[PDB]
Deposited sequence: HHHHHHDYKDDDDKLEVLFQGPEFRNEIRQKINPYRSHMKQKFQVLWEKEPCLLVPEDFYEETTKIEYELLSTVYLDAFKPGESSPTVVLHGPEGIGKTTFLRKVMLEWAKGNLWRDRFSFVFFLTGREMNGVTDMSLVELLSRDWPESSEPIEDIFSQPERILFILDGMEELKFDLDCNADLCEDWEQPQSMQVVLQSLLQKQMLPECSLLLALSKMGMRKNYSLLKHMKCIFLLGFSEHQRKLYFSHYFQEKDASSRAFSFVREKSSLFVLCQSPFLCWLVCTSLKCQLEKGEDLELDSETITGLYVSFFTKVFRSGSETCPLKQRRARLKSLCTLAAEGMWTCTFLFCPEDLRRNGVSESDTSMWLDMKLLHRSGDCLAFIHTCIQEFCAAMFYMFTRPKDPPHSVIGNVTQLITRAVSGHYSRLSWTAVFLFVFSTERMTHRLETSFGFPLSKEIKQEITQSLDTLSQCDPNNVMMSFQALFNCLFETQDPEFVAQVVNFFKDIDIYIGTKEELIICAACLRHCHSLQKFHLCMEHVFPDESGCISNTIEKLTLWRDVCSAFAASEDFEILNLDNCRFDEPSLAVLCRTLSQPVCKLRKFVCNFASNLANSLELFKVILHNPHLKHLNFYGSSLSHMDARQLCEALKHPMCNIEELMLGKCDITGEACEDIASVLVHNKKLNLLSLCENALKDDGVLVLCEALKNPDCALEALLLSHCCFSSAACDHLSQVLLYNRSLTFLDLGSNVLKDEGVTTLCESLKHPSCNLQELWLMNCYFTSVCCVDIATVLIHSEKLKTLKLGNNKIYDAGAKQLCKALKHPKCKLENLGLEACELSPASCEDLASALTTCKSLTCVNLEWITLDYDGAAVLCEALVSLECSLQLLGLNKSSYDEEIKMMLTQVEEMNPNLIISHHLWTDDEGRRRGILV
């Protein structure tokens, strides 16, 4: 083998570490038998020579860290990737947390012996390097790609930006990465990961569990007794799959055997298993200690764990132990009872999960007399940080805290420990959850998955109901059967839901078609759907990228079609199939309260459109607003859609944005609208890829429709002939058009005079949005003169990003002080100088101005103009300056957002 001293140093160091870090020294043969499949998969996936990045997937406690340590140790002895990988660097979140500002070169050199190859020399061939990011969920900073990404390793940079660049492969694209994340980590980082590869850890099996039990128990008879005892219990045996939970069960059984009491264990939930483990180890490890001193020791350990969790520190220096109140004898006591262990020259908890367990246990010792710790947050802060999706770093703690809220669990804790515990934790949690429920959902971005997990783990149906009924808008993603059962347990007895957003995949039968699972799955789905019909406030239902089958969707339609339900808005994204279409037709036919449909993103064909139009032809339909944005509808399919407008007189809003009609759908719609019988009032055709050829036909609509009022034809190549034809059509007062949206129509200022005519002649046009068009100072001048003409009944005018000039300001200055009916003007992205800004501000200050809303970006100006704008805002409380005034409103009206 090639001579290498970094490899030898890593081999020695992690060979030493492998015999102390794990809870028990598992035999090497048995361990490699347990995880042989994943080892082979990794060996096959890294023998292929941007290298793809593979991430280990699984819940906490399966052994991802141990697996990574074993793999890289085997590499260190050279039995793996001998001719593939030359240098492998192990990076853990806990050791990088203490780093404030340091370059990657120094980070790699901190453990790289000097008497070796230079770092630049080893980096000259970055195709042979592997960066194993282990336990990145223990980091103090979350990953959101907000920060800038760097490409140079030599230059000092912060840890967050370096990690982001390495993850996104903009820094050393040819390097290989090995990751280990949980389910929540995958959910948070799915967007960030590219070329992602998935490897799943399976844990222990039947024979593996038996062998591990026999290895843990050096004896035979009681070992077989314990194995049988865990065998008769289905839930305990299922939870025994995780090696850490298996070790917890083994040590709890050992404590029970050494105590002499009969084998008893509460295995309803994982948290119950943790509580039993802690109770029995505490009872077995303290027998000659007074209960006052026992309580003091437990409180000191709990405060230490809570401080470690809140400060994101997992290596405890003896100074920290002295500060928190831990003595040498107490340290020896916990080392003997196997709750802490040496990680070199410092101490660390036996496992991170036990660490947040003790951190949550700390909150049971609340003392009103004691002042706030100023470092550890209160219950409300912990709940907010755990249930919110921004950080989601102390979720597990909250979970344990939730289990501590139940009367039975706290009674068991008080009985076992012997000293009373705080009983206001449940009330405080309820108040905090109510407070966050009262907050607007947009500014909080609450992660309902963590809250639902806590509610499922607490097993308090009345408390679950009280918590769930606080929230009105529920967003949920269901990708696993465990997620499905958790959601069913949370929403079985919900009767306050009003807005539901569901992203549900990979759950209903696609593999393993056994008789069991699936029938129960359907029952779970029926229990979930029961919330739709059990609450008389259900308004909006949004199925985003959902994957249904025939029986599940049939059950959902049966639930929604009941007359007791009052669903109003149905937003179905990326879901339209033959069975899906038929079931949606059943929903539309049987529901009289349904009025708003948004099929944005759902790909449709000619047959699908024909079936939908045939269903809409039914006279029982009470549908009013219909949006089919980005449905890939062509002109011929519009032939069916037009037929709907022939019969459906209740419909009054139609949006067909982001289509490819190419004047054919426009011609068909105009021909349908020729009949003076349609009650359509709003039509949106943005980005329909249609030209001015059909615009003349649209002209014939404006002279024949007395009901159509709102027309949006934006983001279409209309040039000047189209807009001139539209103006000629709108010259006649007989037109009933009220609002016109012609942004990004690619017209110039020469045709603006025609617009300058219609603003004088049209007495019914209230809103005109001509933004994002190259109309220069000249066209601005004719528009301003048209407003100056004192017969213009125009209210809203949007000329954003029109490439205006400061010379136009004077023309604007006269307009705002002359047009009395002008209320809102959006003139964003205008270049202003001192002279133009001064006259504009004077015009705004002048009392003759009737403007109420001004769309302009104040931040994009120099100090003088910004100061003048602030002054004019101060002197005019009745005028509001804003940016992005109509973007969200336009998106909502077109259905792009929802």
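- When the deposited sequence is numbered from 1, the segments without any C-alpha atom are 1 to 29, 79 to 83.
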